Amino acid sequence: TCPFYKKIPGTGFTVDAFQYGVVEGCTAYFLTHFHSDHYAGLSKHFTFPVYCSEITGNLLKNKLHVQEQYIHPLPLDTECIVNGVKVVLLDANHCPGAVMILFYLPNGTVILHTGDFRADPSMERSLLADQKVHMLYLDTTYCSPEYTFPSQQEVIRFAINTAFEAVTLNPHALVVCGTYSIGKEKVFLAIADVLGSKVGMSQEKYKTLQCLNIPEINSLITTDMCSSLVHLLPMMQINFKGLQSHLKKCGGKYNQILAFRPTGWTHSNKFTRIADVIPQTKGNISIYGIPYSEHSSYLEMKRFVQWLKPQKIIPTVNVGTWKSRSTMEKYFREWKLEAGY
Ligand code: NI
């Protein structure tokens, strides 16, 4: 059965609620983004209206085979009427196609559901500037002050410089990047661009990237692995055994691998600056863990919320333990006393 924080009161709507069968009273199911924890349940057999971005719609059609008649893509930044209720979709700064949803309820209440997001000051100049929000359904993934990490731009600078230096010293090195979902495509795109290479990958991953509306994509990716010196592999293969095994397949073209595992936050963020990061190395294989996040840092979250001044906050992440719930409520009250709302 569907939990409370996935329902939008005073509507027939749910958000990211596909794993509970038929939800009583639901006339439209919204999907914020194409990540498995959120789409869990959708398939070719789904017969209710799905509302989402264009990119999420391309993924539902091609990857999950949802029929065309049930996919309802909406443009961003545009007031739309769904089942008699005004909605807006906004860019969430998460993965490709990810949105926040603003709902203008019939009784005058305004609700923002962030989905998964990486808060940014640019959001203070969207359609949110205008107006009051009575309820915030908030992505609280990193809602504690120990969660620190650098800007995506600093992390990409480190990856480009690391890869460019290694391949310039050794023209016979291969670069490998781990993936297990959509998101974080800038990591492998930026490395391939500095090296003058296309990115090589499986047919399944290629299909996924072809759904993403990335400009000039045909110029950037390929299924011909042998033509490419940046390869993508599933994240589970990014270890010394999996990488050794991969090097055997390349027919004596390469004599070194440099590999990247983009992660979220890890405890080494508590101690080591991005500049000072070093790899794990065995023989001719080196593996870098790089902290490329598509969720808000504590400080980014706090700034967004103190700006928005919502009347009530409903967390959507870390809701399963009393200690997590209590900790998050304490921070919401500090923020509110500090800023005065
Ligand atoms: Ni996500």
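Here the sequence shown is numbered in the working numbering, starting from -2 and rising by one per residue.
All residues carry an ideal CB built from backbone N, CA and C; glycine is no exception.
For the 9 Å CB-CB criterion, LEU244 and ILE282 form a contact. Residue ranges of uninterrupted beta strand (DSSP E) with 3 or more members, entirely inside the stretch 55 to 90 and ordered along the chain, are 68 to 70, 77 to 79 and 82 to 88. Taking a C-beta distance under 9 Å as the contact criterion, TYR285 and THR159 qualify as a contact pair.
The alpha-carbon separation between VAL12 and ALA163 amounts to approximately 45 Å. Counting only runs that start and end inside the stretch 256 to 331, the alpha helix (DSSP H) elements of at least 4 residues fall at 295 to 305.
Distances from the alpha-carbon of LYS299 to those of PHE329, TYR251 and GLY18 put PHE329 closest.
With 16 or more other Cβ atoms inside 10 Å of its own Cβ, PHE301 counts as buried. DSSP places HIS35 in the helix class (H, G or I) of the three-state scheme. Of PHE27, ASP136 and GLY337, the smallest CA-CA separation from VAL84 is found for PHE27. Annotation: the continuous alpha helix (DSSP H) that includes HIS243 extends over 237 to 246. Just measuring C-alpha positions, the residue of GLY337, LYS306 and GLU291 sitting nearest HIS91 is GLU291. Looking at the DSSP output, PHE100 sits in a beta bridge with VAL84 and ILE108. The criterion of a C-beta distance shorter than 9 Å is not satisfied by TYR203 and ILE188. Spatial neighbours of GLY9 in its own chain (CB-CB distance under 8 Å, excluding positions within 5 residues in sequence) are listed in chain order as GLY22, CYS23, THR24, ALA25 and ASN80. Counting only the Cα atoms, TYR144 lies some 12 Å from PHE268. With at least 16 other beta carbons inside 10 angstroms of its own, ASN266 counts as buried. Not one heavy atom of ligand 1 is found less than 8 Å from the C-beta of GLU143. In the assembly as shown, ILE275 is an exposed residue. Its beta-carbon has fewer than 16 other beta-carbons within 10 Å. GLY38 is positioned such that its CB atom lies no closer than 9 Å to that of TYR67. In this chain, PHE161 is not harboured by any beta strand (DSSP E); it is covered by the alpha helix (DSSP H) spanning 149 to 166.
By the neighbour-count criterion, in which a residue is buried when 16 or more other Cβ atoms sit within 10 angstroms of its Cβ, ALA336 is exposed. Around the C-beta of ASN55, 16 or more other C-beta atoms lie within 10 Å, and the residue is accordingly described as buried. Secondary structure note for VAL184: its alpha helix (DSSP H) is the uninterrupted segment 182 to 191. Ligand 1 has no heavy atom closer than 8 Å to the beta-carbon of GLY38. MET132 and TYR2 have their alpha carbons spaced roughly 11 Å apart. With the rule of 3 Cβ pairs closer than 8 Å, the stretch 167 to 182 counts as touching the stretch 239 to 258. Among the bridge pairs identified by DSSP, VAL12 is matched with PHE27. In this structure, the CA atom of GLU182 is about 15 Å from the CA atom of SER199. The shortest C-alpha to C-alpha distance from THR324 to any of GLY280, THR138, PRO288 and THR165 is the one to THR138. Between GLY7 and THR111, the beta carbon gap of about 19 Å keeps them out of contact (Cβ cut-off 8 Å). Between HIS35 and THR44, the CB-CB gap reaches or exceeds 9 Å. Annotation for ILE108: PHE100 and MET132 place their beta carbon closer than 6 Å to its own, counting only its chain and skipping 5 residues before and after. Any heavy atom of ligand 1 counts here; residues with a Cβ closer than 6 Å to one of them, in chain order, are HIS30, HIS32, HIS91 and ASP113.
Distance between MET97 and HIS42, taken at the CA atoms: about 26 Å.
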